[PDB]
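A.B. asks: One structure is given below, represented as structure tokens, and several questions about it will come after.
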Amino acid sequence: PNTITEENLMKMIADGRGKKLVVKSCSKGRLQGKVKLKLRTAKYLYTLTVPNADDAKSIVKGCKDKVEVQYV
Amino acid sequence: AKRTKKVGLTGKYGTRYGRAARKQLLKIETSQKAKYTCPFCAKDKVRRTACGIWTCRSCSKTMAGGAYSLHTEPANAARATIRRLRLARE
Amino acid sequence: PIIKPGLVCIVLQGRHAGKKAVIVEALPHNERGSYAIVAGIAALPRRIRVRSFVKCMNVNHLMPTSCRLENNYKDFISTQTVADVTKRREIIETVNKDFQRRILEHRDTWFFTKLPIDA
Amino acid sequence: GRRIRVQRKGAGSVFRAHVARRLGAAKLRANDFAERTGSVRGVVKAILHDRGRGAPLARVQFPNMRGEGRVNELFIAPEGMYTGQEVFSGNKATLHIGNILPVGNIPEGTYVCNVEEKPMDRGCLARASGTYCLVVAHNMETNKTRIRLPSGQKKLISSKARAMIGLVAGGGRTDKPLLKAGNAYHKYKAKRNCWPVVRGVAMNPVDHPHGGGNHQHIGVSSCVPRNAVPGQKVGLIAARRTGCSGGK
Amino acid sequence: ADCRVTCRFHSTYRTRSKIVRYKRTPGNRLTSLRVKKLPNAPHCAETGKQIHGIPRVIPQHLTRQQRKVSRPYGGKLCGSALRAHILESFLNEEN
RNA sequence: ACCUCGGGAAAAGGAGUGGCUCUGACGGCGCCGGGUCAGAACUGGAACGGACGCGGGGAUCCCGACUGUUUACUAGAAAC
RNA sequence: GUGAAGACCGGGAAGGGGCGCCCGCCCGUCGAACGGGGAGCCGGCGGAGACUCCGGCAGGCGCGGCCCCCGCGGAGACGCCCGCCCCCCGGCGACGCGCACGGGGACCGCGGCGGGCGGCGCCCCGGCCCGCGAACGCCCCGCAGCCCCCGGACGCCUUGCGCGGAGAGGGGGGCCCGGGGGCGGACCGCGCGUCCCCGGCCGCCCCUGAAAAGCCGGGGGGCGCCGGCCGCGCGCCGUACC
């Protein structure tokens with residue numbers, strides 16, 4: 001797995017490159033209050049750790065509705 | 001600080017092997033482990049990799065030599081002959 | 001005083017090693033060391049385009065030779081140029097064209113003959 | 001009676017040479033047109049230790065004269081050969097240690113090694129550590145050169161036969177006492193199964209001619225004839241004289 | 001309490017290829033991970049010194065920029081050996 | 001003693017040793033680690049390597065220098 | 001080649017290769033379930049099995065579709081944004097032993113802290129049990145070692161050494177380092193040992209410690225790429241248990 005280089009890379013892949021699902025895990029264990037958006041491209045699983053939940057929402061809108069979005 | 005009065009590096013062999021063999025070895029093994037002057041880089045770094053094979057630690061030059069001395073006495077005499085005989089031709 | 005303008009040298013150390021160069025300018029010695037702006041043949045005329053390197057090199061990395069290759073060169077080659085991005089690219093084209101002319105006429109053959117390095 | 005140890009040793013099997021991990025056969029550069037009319041030039045790449053030989057062996061790289069590549073030749077190393085030495089092989093090679101020239105060119109009194117017994121033999125004479133042959137005389141009329149072999153014998157060789165100038169290195173190797181049975185074991189491992197040696201007086205009468213009685217004695221003269229058969233030849237072969245006496 | 005890892009390899013004989021290092025898995029058990037023998041990085045043809053720039057990975061998995069050095073004779077010769085050859089070639093021509 | 005000056009030699013022989021209560025040393029200081037080596041009291045049926053583990057030693061003579069090796073299943077030797 | 005044969009012995013012989021051409025003396029699809037080798041980890045599942053199943057997550061090696069296009073930067077060591085074939089010159093595979101020393105990993109121990117126990121005549125914050133983080137992908141460091149550039153010396157240093165006008169110290173850099181940290185995958189400290197690997201040394205030898213596929217550079221020649229993304233494939237045999 002790898003860490004996506006910001007939302008610019010995340011959404012560029014989600015707009016045109018291979019993408020299957022963007023899973024939004026939320027604050028597991030309260031180690032962090034951030035939300036983790038994870039995209040499964042054919043090659044790797046790319047994760048964006050978003051400090052603010054509101055910031056994640058705008059990034060999720062950027063992901064095409066063709067990409068499946070799941071929330072956990 | 002003089003650990004042994006007579007036997008030198010031959011103290012390794014303890015009391016075994018006789019006196020004559022330990023005296024010859026003292027001279028032979030002092031030459032084998034001696035640092036010789038590099039014929040090329042003029043530095044006393046030459047050490048014996050193998051019998052007949054001596055390598056300068058600093059010069060990095062590997063030279064054919066006597067088994068226990070970088071230069072054998074016969075060989076020095078041979079070198080002097082060849083140099084004189086070559087000069088005689090030219 | 002061997003190092004001079006219009007002196008052919010061979011680069012000894014660098015990506016352009018083994019290739020002959022010409023000393024367009026010799027910079028005044030400073031804290032960095034002694035350096036010379038050199039323009040040399042990066043690539044031969046062809047296997048059976050001429051390419052030119054125009055950088056400043058430590059004169060310790062240059063082996064002085066006897067051939068001279070006298071050229072106007074310094075009018076377009078200066079410390080201000082070769083330093084900036086662009087302009088150096090323009091002067092590489094002007095030098096590479098001049099090298100093509102000096103090969104088409106078959107001038108300065110020693111400069112345009114590859115150094116035969118073995119092993 | 002059992003086939004004796006000498007009889008068994010010639011049948012190969014376990015008594016064969018331990019030739020594994022050995023550099024190769026040390027030989028001179030093949031006689032060629034540029035060695036007949038001219039001199040080829042070679043750089044000493046590496047002075048290395050052969051497994052079974054005390055003398056060091058040098059790998060000298062020569063240009064390929066029948067191709068575009070390079071030829072690597074393993075030679076016995078004359079003392080003074082250094083990494084990067086430019087040796088020369090040929091008729092016009094200069095008189096310097098490590099150069100190989102025909103012995104007719106070589107002046108008299110010169111110390112040479114790896115001499116060719118016959119023209120173009122690749123070298124067969126002085127090859128052991130510290131050994132050397134001496135150019136004694138040149139007979140121009142017969143095109144033959146007398147050399148003094150290491151045993152002090154003198155042989156007439158062809159003037160064409162080639163030799164490498166210099167004593168072979170590793171000299172004085174035999175002066176150091178082996179000291180322990182161990183050191184002999186190590187040296188013989190590198191060479192062949194010839195150690196340890198059991199005296200035949202120690203053996204049974206079936207195993208050896210010297211055999212075994214009640215008092216451990218040869219019981220007949222150790223001196224054996226030259227025409228003794230393979231089992232019989234075990235003592236001093238065709239001894240012209242025996243005993244430890246001063247002279248010669 | 002009993003960290004006896006057992007044997008990851010097909011046979012128990014511990015040769016140079018069969019070496020294991022132990023870590024902790026996410027499931028709290030000791031694990032055996034094969035330690036691969038690091039390949040030597042290329043060495044100078046003259047000098048025999050590890051050439052700089054090329055990492056000690058099989059060159060099959062390296063990529064061209066990482067398995068090459070940007071200089072004439074970049075991999076075969078070191079920058080001192082190459083400088084020596086440049087000097088000798090030019091100097092021998094003068095004489 | 002002797003010696004091939006390496007040994008002999010752990011030669012031969014003696015003395016101490018536990019537990020407590022302390023005191024020194026020794027690094028990386030404000031801090032903060034160390035676990036060794038000394039020294040002292042006080043105690044105990046006159047006890048302490050309290051189990052365990054763990055040379056008896058000395059003077060000679062013969063033989064083989066030595067480390068090795070051997071008759072698997074009667075000889076480990078001075079034999080090889 | 002030889003021997004009555006059975007058979008034994010073996011280079012000197014018009015002994016191949018994609019390919020008109022062109023190039024070319026001459027064996028092995030024998031031999032090691034311990035040597036070499038392109039690449040696997042975690043979690044789960046069954047009555048019987050797992051580096052094999054299943055779920056997650058990678059890596060290797062091909063093949064196709066599509067897009068694409070053949071150098072640049074630095075004073076230099078080198079960096080970065082990956083051409084191919086022949087013929088050569090190399091490298092990797094690829095290597096001994098030992099004392100010590102240093103660095104990691106696991107193991108261990110001791111504290112704190114959070115959760116759970118047990119015993120309790122007397123004491124007890126003194127006992128015990130648990131507290132997890134893989135391969136791999138990025139990023140940043142990494143002693144020693146080697147190298148660059150300025151410059152021009154009895155200085156620099158190890159446990160032991162060693163080193164330096166054939167270039168020290170000092171200053172600033174490059175590279176390698178079976179490693180660590182961060183992030184992605186997805187309890188907090190602290191110490192002494194042990195064990196394994198590794199590093200720079202040093203000692204040793206009349207002892208000098210395999211080879212080959214496979215892979216990869218460089219020079220010259222000829223030619224023309226590479227790459228990315230997205231699909232898809234990986235056969236044959238062994239695999240229980242002792």
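Please note that chains go A, B, ... in the order of the structure tokens, that every chain numbers its residues from 1, and that ligands are numbered from 1 in the order shown.
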Sorted by chain and rising residue number, which residues of chain F lie within 10 Å of chain D, and what are their closest atom pairs and distances in Å to one decimal, counting only C-alpha atoms (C1' of nucleotides), as CSV?

C.D. replies:
residue,atom,partner,partner_atom,distance
F:66,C1',D:180,CA,9.8
F:67,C1',D:180,CA,8.9
F:68,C1',D:181,CA,8.7
F:79,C1',D:202,CA,9.4
F:80,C1',D:202,CA,7.8

A.B. asks: Residues near stretch 34-43 of chain A, anyone? I mean within 6 Å using only C-alpha atoms (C1' of nucleotides), not counting same-chain ones fewer than 4 positions away, as a VMD selection string.

C.D. replies: chain A and resid 18 to 27 47 to 52

A.B. asks: Let me see the file: selected residues, N, CA, C and O atoms, as a PDB file, in the first residue's frame.

C.D. replies:
ATOM      1  N   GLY A  18      -7.248   4.237 -13.084  1.00  0.00           N
ATOM      2  CA  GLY A  18      -8.053   3.119 -12.570  1.00  0.00           C
ATOM      3  C   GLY A  18      -8.453   3.375 -11.132  1.00  0.00           C
ATOM      4  O   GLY A  18      -7.597   3.819 -10.358  1.00  0.00           O
ATOM      5  N   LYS A  19      -9.726   3.168 -10.795  1.00  0.00           N
ATOM      6  CA  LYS A  19     -10.187   3.323  -9.393  1.00  0.00           C
ATOM      7  C   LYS A  19     -11.374   2.385  -9.183  1.00  0.00           C
ATOM      8  O   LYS A  19     -12.173   2.217 -10.117  1.00  0.00           O
ATOM      9  N   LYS A  20     -11.454   1.765  -8.011  1.00  0.00           N
ATOM     10  CA  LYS A  20     -12.548   0.799  -7.764  1.00  0.00           C
ATOM     11  C   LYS A  20     -13.432   1.316  -6.631  1.00  0.00           C
ATOM     12  O   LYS A  20     -14.659   1.372  -6.831  1.00  0.00           O
ATOM     13  N   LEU A  21     -12.832   1.696  -5.503  1.00  0.00           N
ATOM     14  CA  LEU A  21     -13.666   2.094  -4.343  1.00  0.00           C
ATOM     15  C   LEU A  21     -12.930   3.121  -3.488  1.00  0.00           C
ATOM     16  O   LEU A  21     -11.706   2.998  -3.388  1.00  0.00           O
ATOM     17  N   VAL A  22     -13.635   4.103  -2.916  1.00  0.00           N
ATOM     18  CA  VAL A  22     -12.989   5.032  -1.937  1.00  0.00           C
ATOM     19  C   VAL A  22     -13.657   4.770  -0.589  1.00  0.00           C
ATOM     20  O   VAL A  22     -14.829   5.137  -0.437  1.00  0.00           O
ATOM     21  N   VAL A  23     -12.937   4.158   0.350  1.00  0.00           N
ATOM     22  CA  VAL A  23     -13.558   3.783   1.653  1.00  0.00           C
ATOM     23  C   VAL A  23     -13.164   4.832   2.689  1.00  0.00           C
ATOM     24  O   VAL A  23     -11.968   5.099   2.824  1.00  0.00           O
ATOM     25  N   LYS A  24     -14.154   5.405   3.376  1.00  0.00           N
ATOM     26  CA  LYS A  24     -13.868   6.453   4.386  1.00  0.00           C
ATOM     27  C   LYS A  24     -13.905   5.848   5.791  1.00  0.00           C
ATOM     28  O   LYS A  24     -15.008   5.793   6.365  1.00  0.00           O
ATOM     29  N   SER A  25     -12.767   5.402   6.327  1.00  0.00           N
ATOM     30  CA  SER A  25     -12.774   4.935   7.736  1.00  0.00           C
ATOM     31  C   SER A  25     -12.803   6.175   8.630  1.00  0.00           C
ATOM     32  O   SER A  25     -12.253   7.209   8.205  1.00  0.00           O
ATOM     33  N   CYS A  26     -13.404   6.090   9.817  1.00  0.00           N
ATOM     34  CA  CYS A  26     -13.574   7.310  10.642  1.00  0.00           C
ATOM     35  C   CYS A  26     -13.005   7.190  12.060  1.00  0.00           C
ATOM     36  O   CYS A  26     -13.573   6.388  12.825  1.00  0.00           O
ATOM     37  N   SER A  27     -11.936   7.932  12.397  1.00  0.00           N
ATOM     38  CA  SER A  27     -11.461   8.034  13.811  1.00  0.00           C
ATOM     39  C   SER A  27     -11.409   6.713  14.595  1.00  0.00           C
ATOM     40  O   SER A  27     -12.011   6.671  15.685  1.00  0.00           O
ATOM     41  N   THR A  47      -4.001   5.818   0.457  1.00  0.00           N
ATOM     42  CA  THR A  47      -4.799   6.369   1.580  1.00  0.00           C
ATOM     43  C   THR A  47      -4.519   7.856   1.793  1.00  0.00           C
ATOM     44  O   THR A  47      -3.335   8.217   1.842  1.00  0.00           O
ATOM     45  N   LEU A  48      -5.574   8.669   1.926  1.00  0.00           N
ATOM     46  CA  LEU A  48      -5.418  10.114   2.243  1.00  0.00           C
ATOM     47  C   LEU A  48      -5.928  10.306   3.672  1.00  0.00           C
ATOM     48  O   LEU A  48      -7.124  10.065   3.891  1.00  0.00           O
ATOM     49  N   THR A  49      -5.068  10.714   4.606  1.00  0.00           N
ATOM     50  CA  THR A  49      -5.583  10.975   5.971  1.00  0.00           C
ATOM     51  C   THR A  49      -6.047  12.429   6.016  1.00  0.00           C
ATOM     52  O   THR A  49      -5.188  13.321   5.906  1.00  0.00           O
ATOM     53  N   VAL A  50      -7.354  12.652   6.167  1.00  0.00           N
ATOM     54  CA  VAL A  50      -7.892  14.043   6.121  1.00  0.00           C
ATOM     55  C   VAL A  50      -8.084  14.576   7.558  1.00  0.00           C
ATOM     56  O   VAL A  50      -8.942  13.997   8.240  1.00  0.00           O
ATOM     57  N   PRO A  51      -7.394  15.649   8.057  1.00  0.00           N
ATOM     58  CA  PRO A  51      -7.591  16.075   9.445  1.00  0.00           C
ATOM     59  C   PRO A  51      -9.051  16.435   9.752  1.00  0.00           C
ATOM     60  O   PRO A  51      -9.523  16.076  10.816  1.00  0.00           O
ATOM     61  N   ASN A  52      -9.751  17.093   8.819  1.00  0.00           N
ATOM     62  CA  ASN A  52     -11.128  17.540   9.155  1.00  0.00           C
ATOM     63  C   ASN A  52     -12.149  16.727   8.357  1.00  0.00           C
ATOM     64  O   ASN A  52     -11.902  16.478   7.164  1.00  0.00           O
TER      65      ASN A  52
END

A.B. asks: Show me, as JSON lines, the residues of chain A having an atom within 8 Å of chain G, each with the closest atom pair and its distance in Å, using only C-alpha atoms (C1' of nucleotides).

C.D. replies:
{"residue": "A:1", "atom": "CA", "partner": "G:137", "partner_atom": "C1'", "distance": 5.4}
{"residue": "A:2", "atom": "CA", "partner": "G:184", "partner_atom": "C1'", "distance": 4.7}
{"residue": "A:3", "atom": "CA", "partner": "G:184", "partner_atom": "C1'", "distance": 4.7}
{"residue": "A:17", "atom": "CA", "partner": "G:229", "partner_atom": "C1'", "distance": 7.8}
{"residue": "A:18", "atom": "CA", "partner": "G:230", "partner_atom": "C1'", "distance": 7.8}
{"residue": "A:46", "atom": "CA", "partner": "G:184", "partner_atom": "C1'", "distance": 7.3}
{"residue": "A:47", "atom": "CA", "partner": "G:184", "partner_atom": "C1'", "distance": 6.3}

A.B. asks: Determine which residues of chain G sit within 8 Å of chain B, taking into account only C-alpha atoms (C1' of nucleotides), and present them as a count of residues only.

C.D. replies: 4

A.B. asks: Dump as a PDB file with N, CA and C atoms, in the first residue's frame the residues of chain C that approach chain G to within 9 Å, counting only C-alpha atoms (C1' of nucleotides).

C.D. replies:
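New file result-v9.pdb:
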ATOM      1  N   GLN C  13      37.882  14.523 -15.819  1.00  0.00           N
ATOM      2  CA  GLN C  13      36.858  14.050 -14.855  1.00  0.00           C
ATOM      3  C   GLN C  13      35.520  14.718 -15.168  1.00  0.00           C
ATOM      4  N   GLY C  14      34.454  13.933 -15.343  1.00  0.00           N
ATOM      5  CA  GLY C  14      33.110  14.495 -15.572  1.00  0.00           C
ATOM      6  C   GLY C  14      32.297  13.614 -16.495  1.00  0.00           C
ATOM      7  N   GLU C  31      37.875  31.811  -4.383  1.00  0.00           N
ATOM      8  CA  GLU C  31      37.814  30.868  -3.236  1.00  0.00           C
ATOM      9  C   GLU C  31      37.490  29.470  -3.757  1.00  0.00           C
ATOM     10  N   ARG C  32      36.635  29.375  -4.774  1.00  0.00           N
ATOM     11  CA  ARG C  32      36.220  28.067  -5.338  1.00  0.00           C
ATOM     12  C   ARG C  32      37.438  27.337  -5.903  1.00  0.00           C
ATOM     13  N   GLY C  33      38.406  28.067  -6.455  1.00  0.00           N
ATOM     14  CA  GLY C  33      39.558  27.417  -7.110  1.00  0.00           C
ATOM     15  C   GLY C  33      39.855  28.099  -8.430  1.00  0.00           C
ATOM     16  N   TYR C  35      38.995  28.134 -12.391  1.00  0.00           N
ATOM     17  CA  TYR C  35      37.961  27.539 -13.276  1.00  0.00           C
ATOM     18  C   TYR C  35      38.041  28.158 -14.671  1.00  0.00           C
ATOM     19  N   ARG C  47      27.808   8.699 -36.850  1.00  0.00           N
ATOM     20  CA  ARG C  47      28.351   7.342 -36.603  1.00  0.00           C
ATOM     21  C   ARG C  47      29.264   6.933 -37.770  1.00  0.00           C
ATOM     22  N   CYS C  56      31.510  25.670 -17.155  1.00  0.00           N
ATOM     23  CA  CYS C  56      32.799  26.084 -16.548  1.00  0.00           C
ATOM     24  C   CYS C  56      33.354  24.885 -15.784  1.00  0.00           C
ATOM     25  N   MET C  57      34.615  24.531 -16.015  1.00  0.00           N
ATOM     26  CA  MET C  57      35.181  23.321 -15.372  1.00  0.00           C
ATOM     27  C   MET C  57      36.454  23.687 -14.612  1.00  0.00           C
ATOM     28  N   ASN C  58      36.706  23.014 -13.484  1.00  0.00           N
ATOM     29  CA  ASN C  58      37.940  23.239 -12.691  1.00  0.00           C
ATOM     30  C   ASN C  58      39.113  22.932 -13.622  1.00  0.00           C
ATOM     31  N   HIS C  61      40.625  19.508 -13.685  1.00  0.00           N
ATOM     32  CA  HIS C  61      39.939  18.421 -14.433  1.00  0.00           C
ATOM     33  C   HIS C  61      40.254  18.516 -15.926  1.00  0.00           C
ATOM     34  N   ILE C 117      40.541   5.785 -26.167  1.00  0.00           N
ATOM     35  CA  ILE C 117      40.753   5.303 -24.771  1.00  0.00           C
ATOM     36  C   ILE C 117      40.457   3.802 -24.768  1.00  0.00           C
ATOM     37  N   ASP C 118      41.273   3.006 -24.075  1.00  0.00           N
ATOM     38  CA  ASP C 118      41.011   1.548 -23.991  1.00  0.00           C
ATOM     39  C   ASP C 118      40.741   1.156 -22.537  1.00  0.00           C
ATOM     40  N   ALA C 119      40.245  -0.066 -22.303  1.00  0.00           N
ATOM     41  CA  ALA C 119      40.045  -0.593 -20.933  1.00  0.00           C
ATOM     42  C   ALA C 119      39.304   0.458 -20.111  1.00  0.00           C
TER      43      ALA C 119
END

A.B. asks: Measure the distance from atom CA of residue E:95 to atom CA of residue C:108 in Å and round it to one decimal.

C.D. replies: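 Spanning atom CA of residue E:95 to atom CA of residue C:108 is a straight-line distance of 20.3 Å.
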
A.B. asks: Write down as a compact mmCIF listing (two decimals) with N, CA and C atoms, in the first residue's frame the residues of stretch 59-90 of chain E whose backbone DSSP state falls under helix (DSSP H, G or I).

C.D. replies:
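So out_13.txt came out as:
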# COMPACT_ATOMS: atom_id res chain seq x y z
N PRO E 59 20.76 -6.54 -10.42
CA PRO E 59 20.53 -5.51 -11.43
C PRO E 59 19.27 -5.81 -12.25
N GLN E 60 18.69 -6.99 -12.08
CA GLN E 60 17.43 -7.35 -12.79
C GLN E 60 16.30 -6.48 -12.24
N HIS E 61 16.36 -6.14 -10.95
CA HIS E 61 15.28 -5.34 -10.31
C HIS E 61 15.74 -3.92 -10.01
N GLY E 79 36.24 6.72 -11.57
CA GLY E 79 36.65 8.02 -12.15
C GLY E 79 38.14 8.28 -12.04
N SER E 80 38.85 7.53 -11.20
CA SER E 80 40.33 7.69 -11.13
C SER E 80 40.96 6.80 -12.20
N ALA E 81 40.49 5.55 -12.30
CA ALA E 81 41.01 4.62 -13.33
C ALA E 81 40.74 5.21 -14.71
N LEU E 82 39.56 5.79 -14.92
CA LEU E 82 39.21 6.32 -16.26
C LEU E 82 40.10 7.52 -16.54
N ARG E 83 40.32 8.39 -15.55
CA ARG E 83 41.18 9.59 -15.73
C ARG E 83 42.58 9.13 -16.11
N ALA E 84 43.07 8.08 -15.45
CA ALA E 84 44.41 7.55 -15.75
C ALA E 84 44.47 7.07 -17.20
N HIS E 85 43.45 6.35 -17.67
CA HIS E 85 43.41 5.86 -19.07
C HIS E 85 43.37 7.04 -20.04
N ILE E 86 42.57 8.07 -19.73
CA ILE E 86 42.46 9.28 -20.60
C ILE E 86 43.86 9.89 -20.72
N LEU E 87 44.57 10.03 -19.60
CA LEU E 87 45.90 10.69 -19.60
C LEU E 87 46.87 9.85 -20.42
N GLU E 88 46.95 8.56 -20.15
CA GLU E 88 47.94 7.70 -20.86
C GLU E 88 47.64 7.71 -22.36
N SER E 89 46.37 7.63 -22.75
CA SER E 89 46.05 7.55 -24.20
C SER E 89 46.55 8.80 -24.90
N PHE E 90 46.27 9.96 -24.33
CA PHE E 90 46.72 11.23 -24.93
C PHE E 90 48.24 11.31 -24.89

A.B. asks: Counting only C-alpha atoms (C1' of nucleotides), what are the residues of chain E within 7 Å of chain G, and for each of them which pair of atoms is the nearest and at what distance in Å, to one decimal? Sort the table by chain and rising number, as JSON lines.

C.D. replies:
{"residue": "E:13", "atom": "CA", "partner": "G:34", "partner_atom": "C1'", "distance": 5.6}
{"residue": "E:21", "atom": "CA", "partner": "G:105", "partner_atom": "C1'", "distance": 7.0}
{"residue": "E:22", "atom": "CA", "partner": "G:106", "partner_atom": "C1'", "distance": 5.4}
{"residue": "E:23", "atom": "CA", "partner": "G:106", "partner_atom": "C1'", "distance": 6.5}
{"residue": "E:25", "atom": "CA", "partner": "G:134", "partner_atom": "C1'", "distance": 5.0}
{"residue": "E:26", "atom": "CA", "partner": "G:133", "partner_atom": "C1'", "distance": 4.1}
{"residue": "E:27", "atom": "CA", "partner": "G:132", "partner_atom": "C1'", "distance": 6.2}
{"residue": "E:28", "atom": "CA", "partner": "G:132", "partner_atom": "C1'", "distance": 5.1}
{"residue": "E:35", "atom": "CA", "partner": "G:178", "partner_atom": "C1'", "distance": 6.1}
{"residue": "E:36", "atom": "CA", "partner": "G:178", "partner_atom": "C1'", "distance": 6.4}
{"residue": "E:37", "atom": "CA", "partner": "G:178", "partner_atom": "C1'", "distance": 6.2}
{"residue": "E:38", "atom": "CA", "partner": "G:178", "partner_atom": "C1'", "distance": 5.6}
{"residue": "E:40", "atom": "CA", "partner": "G:92", "partner_atom": "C1'", "distance": 6.9}
{"residue": "E:42", "atom": "CA", "partner": "G:91", "partner_atom": "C1'", "distance": 5.3}
{"residue": "E:43", "atom": "CA", "partner": "G:91", "partner_atom": "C1'", "distance": 6.4}
{"residue": "E:45", "atom": "CA", "partner": "G:90", "partner_atom": "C1'", "distance": 6.1}
{"residue": "E:52", "atom": "CA", "partner": "G:175", "partner_atom": "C1'", "distance": 4.8}
{"residue": "E:53", "atom": "CA", "partner": "G:175", "partner_atom": "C1'", "distance": 5.6}
{"residue": "E:55", "atom": "CA", "partner": "G:176", "partner_atom": "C1'", "distance": 6.8}
{"residue": "E:59", "atom": "CA", "partner": "G:216", "partner_atom": "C1'", "distance": 5.5}
{"residue": "E:60", "atom": "CA", "partner": "G:215", "partner_atom": "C1'", "distance": 6.0}
{"residue": "E:63", "atom": "CA", "partner": "G:82", "partner_atom": "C1'", "distance": 5.4}
{"residue": "E:64", "atom": "CA", "partner": "G:82", "partner_atom": "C1'", "distance": 4.4}
{"residue": "E:65", "atom": "CA", "partner": "G:82", "partner_atom": "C1'", "distance": 5.9}
{"residue": "E:68", "atom": "CA", "partner": "G:217", "partner_atom": "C1'", "distance": 6.6}
{"residue": "E:73", "atom": "CA", "partner": "G:218", "partner_atom": "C1'", "distance": 4.9}
{"residue": "E:74", "atom": "CA", "partner": "G:218", "partner_atom": "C1'", "distance": 6.9}
{"residue": "E:75", "atom": "CA", "partner": "G:217", "partner_atom": "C1'", "distance": 5.7}
{"residue": "E:76", "atom": "CA", "partner": "G:218", "partner_atom": "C1'", "distance": 5.5}

A.B. asks: Can you write just those residues out, C-alpha atoms, as a CSV table (one decimal), in the first residue's frame?

C.D. replies:
chain,number,residue,atom,x,y,z
E,13,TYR,CA,20.1,-27.4,7.1
E,21,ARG,CA,15.3,-13.1,11.3
E,22,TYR,CA,12.5,-12.9,13.8
E,23,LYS,CA,9.8,-10.2,14.2
E,25,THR,CA,3.2,-10.5,13.6
E,26,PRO,CA,0.0,-8.4,14.1
E,27,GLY,CA,-1.4,-11.7,15.6
E,28,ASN,CA,1.2,-11.6,18.5
E,35,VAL,CA,17.2,-12.9,5.1
E,36,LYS,CA,18.3,-12.7,1.5
E,37,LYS,CA,22.1,-12.6,0.9
E,38,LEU,CA,22.8,-9.0,-0.3
E,40,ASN,CA,27.8,-7.3,-4.0
E,42,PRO,CA,29.7,-3.9,-9.1
E,43,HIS,CA,33.5,-3.5,-8.7
E,45,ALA,CA,37.8,-3.7,-13.5
E,52,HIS,CA,29.7,4.4,-6.6
E,53,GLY,CA,26.1,5.1,-7.6
E,55,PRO,CA,22.9,0.0,-5.1
E,59,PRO,CA,20.5,-5.5,-11.4
E,60,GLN,CA,17.4,-7.4,-12.8
E,63,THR,CA,16.0,0.1,-13.5
E,64,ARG,CA,18.5,1.6,-16.0
E,65,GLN,CA,19.3,4.9,-14.3
E,68,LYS,CA,24.3,2.8,-14.7
E,73,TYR,CA,33.1,3.8,-18.9
E,74,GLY,CA,30.8,4.7,-15.9
E,75,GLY,CA,30.4,1.1,-14.6
E,76,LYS,CA,33.5,-0.7,-15.8

A.B. asks: Using only C-alpha atoms and a cut-off of 12 Å, which residues of chain C sit close to chain E? Please list them as a count of residues only.

C.D. replies: 29

A.B. asks: Go ahead and compute the interatomic distance for atom CA of residue D:26 and atom CA of residue D:57, in Å to one decimal.

C.D. replies: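 So the answer is 7.2 Å.
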
A.B. asks: Apply DSSP to the structure's backbone, then extract all residues of stretch 10-84 of chain E labelled strand (DSSP E) and return them as a compact mmCIF listing (two decimals) with N, CA and C atoms, in the first residue's frame.

C.D. replies:
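And here's part-v2.txt as it stands now:
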# COMPACT_ATOMS: atom_id res chain seq x y z
N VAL E 20 17.18 -16.91 8.83
CA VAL E 20 15.87 -16.27 9.16
C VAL E 20 16.03 -15.22 10.26
N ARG E 21 15.27 -14.13 10.19
CA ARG E 21 15.28 -13.10 11.26
C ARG E 21 13.89 -13.12 11.89
N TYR E 22 13.78 -12.84 13.19
CA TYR E 22 12.45 -12.95 13.84
C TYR E 22 11.82 -11.59 14.15
N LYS E 23 10.52 -11.45 13.90
CA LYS E 23 9.80 -10.19 14.24
C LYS E 23 8.53 -10.60 14.98
N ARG E 24 7.61 -9.67 15.22
CA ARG E 24 6.31 -10.02 15.83
C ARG E 24 5.24 -9.74 14.78
N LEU E 30 5.75 -14.98 17.11
CA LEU E 30 7.10 -14.77 16.52
C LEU E 30 7.09 -15.32 15.09
N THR E 31 7.76 -14.64 14.16
CA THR E 31 7.71 -15.08 12.74
C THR E 31 9.12 -15.26 12.21
N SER E 32 9.29 -16.12 11.20
CA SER E 32 10.61 -16.29 10.56
C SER E 32 10.54 -15.58 9.20
N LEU E 33 11.45 -14.65 8.94
CA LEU E 33 11.48 -13.94 7.64
C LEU E 33 12.83 -14.21 6.97
N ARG E 34 12.84 -14.76 5.75
CA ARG E 34 14.13 -15.15 5.11
C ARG E 34 15.03 -13.93 4.96

A.B. asks: Which neighbours of residue G:160 fall inside 10 Å, counting only C-alpha atoms (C1' of nucleotides), when residues of the same chain fewer than 5 positions from it are skipped, and could you give them as an MDAnalysis selection string?

C.D. replies: chainID G and resid 100:101 201:202

A.B. asks: If we count only C-alpha atoms (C1' of nucleotides), what is near residue D:128 at a cut-off of 8 Å, once residues fewer than 6 positions away on the same chain are taken out, given as number ranges by chain?

C.D. replies: D: 53-55, 168
